[PDB]
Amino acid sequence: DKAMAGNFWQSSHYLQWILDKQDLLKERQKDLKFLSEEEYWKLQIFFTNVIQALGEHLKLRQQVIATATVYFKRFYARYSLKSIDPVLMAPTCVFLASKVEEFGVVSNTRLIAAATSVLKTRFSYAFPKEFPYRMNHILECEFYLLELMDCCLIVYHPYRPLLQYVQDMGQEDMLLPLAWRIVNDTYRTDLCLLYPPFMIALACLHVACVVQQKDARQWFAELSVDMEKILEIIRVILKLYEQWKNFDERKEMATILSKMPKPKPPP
């Protein structure tokens, strides 16, 4: 079993990196001078997809991709998009996550070739120029990322408690593929910054049950959990699919990216 698996309630994740929604939105106002609320949540979807694409190209497991995504989110939860290029931050987060999750140090040539290939083949709609960064940029960015996170590296995700819930249900084959997919989709939102992973797992499982018309009401009722919180999470999940429907990422992202606040150069 994995290091620190049962320690969430004494973890750095829980004690330092479950943020208050009002604090998150207050810090976001910096960037909302340049971008609408809508455009900001579109950028988050976009960079979630970039990190996923990078992880898939490098053949990393979903949990590594999830950890990299959390690192990215934590950074921009505190800092403006202009502070470090998110194009640099995304592969840096994947690079650090891979080391933390014990898959290893992605080589210089491989990390930079993955960044370059993915942006070219999967995101040419957003990026007409080649990936301009080199490994010295990644290494510098990694130092800033580690500092902002206050060296909080171990991250808990909804996949493990989800698996435990569906096994307990006796419905792993029926429900796990959909519920797992919905957990992936929650990384398009702020949910992982605001709720413990097990609550997110329960919300995703509920939505999977509703989609597959499975009555799990009695099982859900028998849990000892704040259902008001679970319903809050379900509402965000249902909204993320309506947002998905209405969002044309390929048509919109080039213009949204050009509206991002740009860094001050040196004097």
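Between two forms, the rigid core is the largest collection of C-alphas that superpose within 1.5 Å. Numbers follow the displayed sequence, beginning with 1.
**Q** Rigid core superposition, C-alpha RMS per stretch in 9 other deposited structures of this protein: which comes out larger, 91-99 or 105-113?
**A** If we average over structures and residues in 9 other deposited structures of this protein, the farther stretch is 105-113.
**Q** Tell me which stretch, 224-232 or 237-245, has the higher mean Cα B-factor listed in the entry.
**A** Between 237-245 and 224-232, it is 224-232.
**Q** Out of 123-131 and 76-84, which one has CA B-factors that are higher on average in the deposited record?
**A** According to the PDB entry, the answer is 123-131.
**Q** Based on what the PDB entry reports, which of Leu145, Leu175, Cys152, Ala90 has the top C-alpha B-factor?
**A** Max CA B-factor in the entry, restricted to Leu145, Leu175, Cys152, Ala90: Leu175.
**Q** Thinking about Cα B factors across the chain, which third does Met169 belong to?
**A** For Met169, whose C-alpha B-factor we compare with every modelled residue in the chain, the answer is the highest third.
**Q** Report the third (lowest, middle or highest) to which the CA temperature factor of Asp185 belongs, ranking only the modelled residues of the same chain.
**A** Lowest third, going by the recorded CA B-factors of the chain.
**Q** Could you place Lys259 in the lowest, middle or highest third of its chain by Cα temperature factor, using the values in the record?
**A** Its C-alpha B-factor belongs to the highest third of this chain's values.
**Q** For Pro158, does the deposited CA B-factor place it in the lowest, middle or highest third of the chain?
**A** CA B-factor rank for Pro158: lowest third.
**Q** In terms of the chain's CA B-factor thirds, is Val210 lowest, middle or highest?
**A** For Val210, whose C-alpha B-factor we compare with every modelled residue in the chain, the answer is the highest third.
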